[PDB]
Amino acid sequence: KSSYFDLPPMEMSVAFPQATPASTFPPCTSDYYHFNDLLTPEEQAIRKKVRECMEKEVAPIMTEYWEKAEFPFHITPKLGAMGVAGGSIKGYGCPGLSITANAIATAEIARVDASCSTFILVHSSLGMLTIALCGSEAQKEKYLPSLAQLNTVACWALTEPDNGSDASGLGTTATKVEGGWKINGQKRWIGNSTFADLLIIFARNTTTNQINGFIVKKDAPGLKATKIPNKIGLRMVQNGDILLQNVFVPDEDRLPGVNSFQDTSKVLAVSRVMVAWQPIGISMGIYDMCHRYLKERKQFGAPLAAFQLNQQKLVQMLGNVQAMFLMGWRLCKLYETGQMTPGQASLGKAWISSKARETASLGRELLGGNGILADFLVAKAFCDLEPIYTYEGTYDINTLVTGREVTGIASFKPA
């Protein structure tokens, strides 16, 4: 309670004149090993298209929305014009991009805002891909064209409160009834669920006692998806607690390609390739910001980029970025050549996100105080990395997928 307590925050141009905030997004200086050499002409055109659009459309508004933990619904039709949704799905009204074209688009979104990327990743590299790989021809033709336009939104429900890392032992049931299925259970952390038109729900078929997948609809009687508050990262992403009580799904809406967790495993493997590319994008952005910031901000009568400790940290981030990118690039190519094991994807995601965590640490301390401000990207990025390091399998779970594959010995279960 003062004369000034109620007053609107001081404008950034007056509050910190020395540096530019992320509204005017930093230029790409993280690309140090000339990555366009590794990209097809079509892939280069997508990279710059996604980037120009994210910097113009999303960067100026992301700070507000991230702070309020609100989703920028108005940005959806643009993201659908970007032709990103539907990744590498061929036909059914999808763009039919290369896995690498999709991967670099993923990074180019994540570079600017990780929530938008997660939004699309969950919608497209999980939601749509599960329909593409596991759906009927009828389902694909019915559901994908619109999903690709972003006229409808998908989400992907696997995780439960009782079942997170231990996904194959999920407890959401699916009971065969007359004319379809009856779904019962509870799902947790499902991004988009609070407004998704389509909800791919993984439920245990109670006849076969194996895991099946079902396309649930928005507003189905017995369905309730509600917002998870107080997240420190991915604040624009709407993560849902879902309740299903005798939610009905007709025969035609069961995914025929999901007959046990082995198929969910096959989806997650391809999905982990796309998730790997999020930390790559984020790291690229953090460096870009850090690079500009350090050159702009002056202390002790010199740019902050003049000091040894600041340079060592800047180059450490820079090396991490080149390696991560190449790491993610190889992964894509392994997939394309049809020779990719789940262990290779797990390691891709585990390793990359670990080095990204490291990179965000350094990038965060490099901006000093402003490094904790959403305004300057890094804080946002630093916070957004944490759940990414957790989802699509934790670091520990992913390294054990690889460890099992590389050694021949499962090491998940307790003594």
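In this text, residue numbers run from 1 along the sequence as written.
Stretches 240 to 248 and 79 to 87 differ in mean CA B factor, with 79 to 87 having the higher one.
For the segment pair 137 to 145 and 265 to 273, the entry gives 265 to 273 the higher mean B-factor, averaged over Cα atoms.
Among the modelled residues of the chain, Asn163 sits in the highest third by CA temperature factor in this PDB entry. Among all modelled residues in this chain, the alpha-carbon of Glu296 has a temperature factor (C-alpha) in the middle third. Sort the modelled residues of the chain by CA B factor and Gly96 lands in the highest third.
In the deposited entry, the Cα temperature factor of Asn151 places it in the lowest third of its chain's modelled residues.
Ranked within its chain, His74 lands in the highest third, by CA B factor from the PDB record.
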